[PDB]
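**Student:** My questions will all concern the structure given below.
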Amino acid sequence: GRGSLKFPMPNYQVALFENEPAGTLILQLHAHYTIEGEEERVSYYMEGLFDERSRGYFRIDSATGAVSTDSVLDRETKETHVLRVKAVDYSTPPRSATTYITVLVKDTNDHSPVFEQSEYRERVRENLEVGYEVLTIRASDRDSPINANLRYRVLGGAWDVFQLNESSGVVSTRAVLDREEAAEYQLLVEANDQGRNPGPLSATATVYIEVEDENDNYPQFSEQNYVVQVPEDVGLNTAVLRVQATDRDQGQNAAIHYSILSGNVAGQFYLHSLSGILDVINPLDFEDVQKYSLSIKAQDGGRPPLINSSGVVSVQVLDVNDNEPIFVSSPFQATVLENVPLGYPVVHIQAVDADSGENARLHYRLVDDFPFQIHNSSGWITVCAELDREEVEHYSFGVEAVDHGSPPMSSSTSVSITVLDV
Ligand SMILES: [Ca+2]
Ligand SMILES: [Ca+2]
Ligand SMILES: [Ca+2]
Ligand SMILES: [Ca+2]
Ligand SMILES: [Ca+2]
Ligand SMILES: [Ca+2]
Ligand SMILES: [Ca+2]
Ligand SMILES: [Ca+2]
Ligand code: NA
């Protein structure tokens with residue numbers, strides 16, 4: 001051609017996306033002589049205005065002003081390249097037109113949010129007031145602010161239980177907690193870009209909330225009233241019952257120790273404070289006391305320990321043949337007339353067993369032509385065939401009394417009956 005070789009414009013401000021498949025055309029540049037050339041013979045060329053490696057990411061067609069990516073771009077890597085392109089002429093006074101491209105890469109939500117911590121290992125205490133700030137999640141997206149407008153939702157789990165601020169990302173109790181109800185908690189959160197450019201992006205974290213204990217459950221006694229039965233005859237330091245209670249709480253808040261409040265005056269029972277184990281530790285006697293009932297007290301090991309002093313062990317002693325029958329008056333004296341009729345009461349044999357049941361009930365018997373008989377129950381000795389002094393003046397036999405007892409203890413004594421004149 002002829003005249004000054006130029007470009008329409010000394011400089012251009014194109015702008016493309018972040019990921020744009022290699023070879024993405026950008027600008028068509030055309031040099032133009034002032035006086036239209038018959039034989040315009042024009043080479044284009046290009047460089048990176050600053051650093052050689054920013055050149056390496058574009059190309060031109062030396063032939064036309066074709067300007068395309070030599071590789072997919074990425075904003076986070078470089079947010080702007082700046083290129084300088086020159087046209088060249090084979091004229092004997094060789095001609096150059098000189099121009100500048102400002103490329104500006106745009107974001108494409110290529111990155112997804114990233115949690116500062118892959119999973120959260122956290123812990124709340126129970127009977128803690130509503131809306132208690134438990135914990136706060138953070139994530140981060142290396143993307144333009146519109147592909148990093150983070151919004152945290154509880155994807156699943158406890159959602160009923162705890163609350164998440166969609167923006168703040170702050171876990172908060174939605175009701176008073178209760179460990180005894182609810183040991184541990186699992187909830188799976190989600191951080192979302194609210195991404196625009198291709199769409200949104202997200203990644204999730206598991207948050208493990210462990211509920212921490214508080215002495216809030218009293219220890220309940222296993223049986224309401226623990227009924228129990230001892231032979232008076234029981235051997236010493238012998239076990240009788242294993243009182244037990246349980247505390248729904250955990251750690252030392254469930255640790256229990258037992259102890260007597262009442263009824264074990266005059267020893268005769270010891271409570272092993274950790275066993276819960278009741279041992280007669282001294283002789284029992286049914287004839288002294290037939291029955292205990294002794295209140296028992298179960299205690300936590302908490303900061304404020306709790307207490308259940310509504311413990312009851314109603315004990316019942318059982319009789320044994322330790323006592324032997326024993327008479328009103330061991331010397332038994334009688335004076336029967338001879339003319340008294342048949343089946344006539346002479347004397348009343350009376351004995352007594354301290355023992356209680358059949359260990360008390362007495363069968364009488366006699367220990368020697370004998371003119372007397374004895375009632376086995378009443379202990380009355382009546383007459384049987386008449387007699388006169390001349391053949392028999394005076395009688396001296398015995399009488400023997402017995403328990404209806406397991407080993408039947410018995411005792412006997414003697415009776416005197418002087419027959420008398422009409
Ligand atoms: Ca991006
Ligand atoms: Ca993003
Ligand atoms: Ca509780
Ligand atoms: Ca508790
Ligand atoms: Ca407790
Ligand atoms: Ca006794
Ligand atoms: Ca007895
Ligand atoms: Ca007896
Ligand atoms: Na990218």
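**Student:** In segment 1-109, which trypsin sites (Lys or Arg not before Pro) fall in coil by DSSP and have 16 or fewer other Cβ atoms within 10 Å?
**Tutor:** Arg41, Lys78, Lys106
**Student:** Where does the charge balance sit around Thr98 when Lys and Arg score +1, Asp and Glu -1, over other residues with C-beta under 12 Å from its C-beta?
**Tutor:** Net of charged neighbours comes to +3.
**Student:** Estimate the FRET efficiency between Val328 and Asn282 by the formula 1/(1 + (r/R0)^6), using the beta-carbon distance for r and 51 Å for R0, to the nearest 0.05.
**Tutor:** My answer for the efficiency is 0.95.
**Student:** Which percent, nearest 5, of DSSP beta bridges in segment 326-420 are antiparallel?
**Tutor:** Here the share of antiparallel DSSP bridges comes out near 75 percent.
**Student:** Next question. Could you pull out every residue, at least 5 positions away or on a different chain, whose amide H is within less than 5 Å of the one on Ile277? Hs are placed 1.01 Å off N in the peptide plane, and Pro or chain starts have none.
**Tutor:** When sequence neighbours closer than 5 places are left aside, the close amide H contacts are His272.
**Student:** In the chain, what % of DSSP beta bridges are antiparallel (nearest 5)?
**Tutor:** Within the chain, antiparallel bridges account for around 80 percent of the total.
**Student:** If you don't mind, there's one more thing I want to ask. For segment 1-68, would you read off the P(r) tail past 16 Å as a percentage of all alpha carbon pairs?
**Tutor:** Within segment 1-68, distances greater than 16 Å cover 57 percent of Cα pairs.
**Student:** Excluding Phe7 itself, calculate the net charge of residues whose Cβ lies under 14 Å from the Cβ of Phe7, where each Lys or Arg counts +1 and each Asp or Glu counts -1.
**Tutor:** For residues surrounding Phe7, the net value is +2.
**Student:** What do you get for Rg/Rh over segment 159-210 if you use C-alpha atoms and the Kirkwood form of Rh?
**Tutor:** My calculation puts Rg/Rh at 1.10.
**Student:** Hey, any idea what Rg/Rh is for the chain, computing Rh the Kirkwood way over Cα pairs?
**Tutor:** 1.67
**Student:** Here's something else I'd like to know. Do any GluC sites (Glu not before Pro) in segment 49-106 lie in a loop, going by DSSP, with at most 13 other beta-carbon atoms within 10 Å of their beta carbon, and if so which?
**Tutor:** Loop-located and lightly packed - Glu76.
**Student:** Mind pulling the per residue volume of the convex hull built on the Cα atoms of segment 175-288? Å³ is fine.
**Tutor:** Here the figure is 139 Å³ per residue.
**Student:** While we're on this one: How charged is the neighbourhood of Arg365? Take every other residue with its Cβ under 13 Å from the Cβ of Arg365, and add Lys/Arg as +1 and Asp/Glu as -1.
**Tutor:** Once all neighbours under 13 Å are counted, the net charge is -3.
**Student:** Still on this model: Mind checking the alpha-carbon convex hull of segment 300-415 and giving the volume per residue in Å³?
**Tutor:** Hull volume over Cα atoms, normalised by residue count, gives 135 Å³.
**Student:** Sticking with this structure for a sec: Test of the criteria: in segment 150-196, which chymotrypsin sites (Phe, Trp or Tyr not before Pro) are in a DSSP loop and have at most 15 other Cβ atoms within 10 angstrom of their Cβ?
**Tutor:** When the chymotrypsin sites (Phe, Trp or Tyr not before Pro) of segment 150-196 are filtered for loop state and at most 15 Cβ neighbours within 10 Å, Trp159 remain.
Readers should treat all values here as calculations from the given coordinates under stated rules, not as data from a laboratory. Here Cβ is always computed from backbone atoms with ideal geometry, including for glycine, and neighbour counts include all displayed protein chains.
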